[PDB]
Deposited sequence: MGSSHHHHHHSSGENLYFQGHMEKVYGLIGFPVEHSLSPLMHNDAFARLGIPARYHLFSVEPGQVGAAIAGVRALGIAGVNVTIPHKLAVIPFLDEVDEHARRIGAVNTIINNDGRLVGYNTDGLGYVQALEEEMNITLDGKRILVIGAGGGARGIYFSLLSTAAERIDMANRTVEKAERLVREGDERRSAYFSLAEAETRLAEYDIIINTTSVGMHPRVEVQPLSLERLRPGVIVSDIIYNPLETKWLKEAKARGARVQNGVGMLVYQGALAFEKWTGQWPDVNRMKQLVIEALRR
């Protein structure tokens, strides 16, 4: 079968662990696809996004330093991402590119699940190299769910991440 293409856009991206967790998750769920790393120099972000649409790449995550840069090139941006003024997740719907930001929701969810608490109280270090691991995994999983419609096994993603960071 023809696998769909996904990946991470950023500069640098070579040491990202997103491929590790996403690819294991695709396989686990029998999803014909692969997650890659796209090193995009500042100045070519416009061409990278136009490139995503033209090549039919299914979707891409966006890390430093393009979260803000990709916005003018999308066809639609989620009100939340607009407000934040940053996008870390893009999906290509038959040519229409929509931007989302799962960094926040991801931090929150990973917090209350890893700490087993509820923010309704006063209402951790995101650096993973509480860890930022939970955040890395959850923001990715939210993106994974947007693309595939399936919520991946986060415990497995965390396990692979941690093991690698060690």
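Colleague: As a test: can you identify every run of the deposited sequence that has no C-alpha position in this structure, in order?
Modeller: Missing from the model are residues 1 to 20, 144 to 236, 243 to 259, 297.
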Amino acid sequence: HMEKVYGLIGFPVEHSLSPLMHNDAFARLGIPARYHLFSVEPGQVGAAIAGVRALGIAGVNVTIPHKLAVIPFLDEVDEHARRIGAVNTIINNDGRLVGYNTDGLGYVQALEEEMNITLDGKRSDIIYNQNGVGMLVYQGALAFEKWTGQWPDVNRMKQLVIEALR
From here on, numbers count along this sequence of modelled residues.
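Colleague: Quick one: higher average CA temperature factor, 43 to 51 or 114 to 122?
Modeller: Per the PDB record, 114 to 122.
Colleague: As stated in the PDB record, which stretch has the larger average Cα B-factor, 132 to 140 or 57 to 65?
Modeller: Result of the comparison: 132 to 140.
Colleague: Which has the highest CA B-factor per the PDB entry: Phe26, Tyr100, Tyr107, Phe38?
Modeller: Across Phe26, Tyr100, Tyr107, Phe38, the entry lists the biggest C-alpha B-factor for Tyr107.
Colleague: Based on the deposited C-alpha B factors for this chain, I'd like to know if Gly10 is in the lowest, middle or highest third.
Modeller: Lowest third, going by the recorded CA B-factors of the chain.
Colleague: Report the third (lowest, middle or highest) to which the CA temperature factor of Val87 belongs, ranking only the modelled residues of the same chain.
Modeller: Within its chain, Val87 is a middle-third residue by C-alpha B-factor, going by the deposited values.
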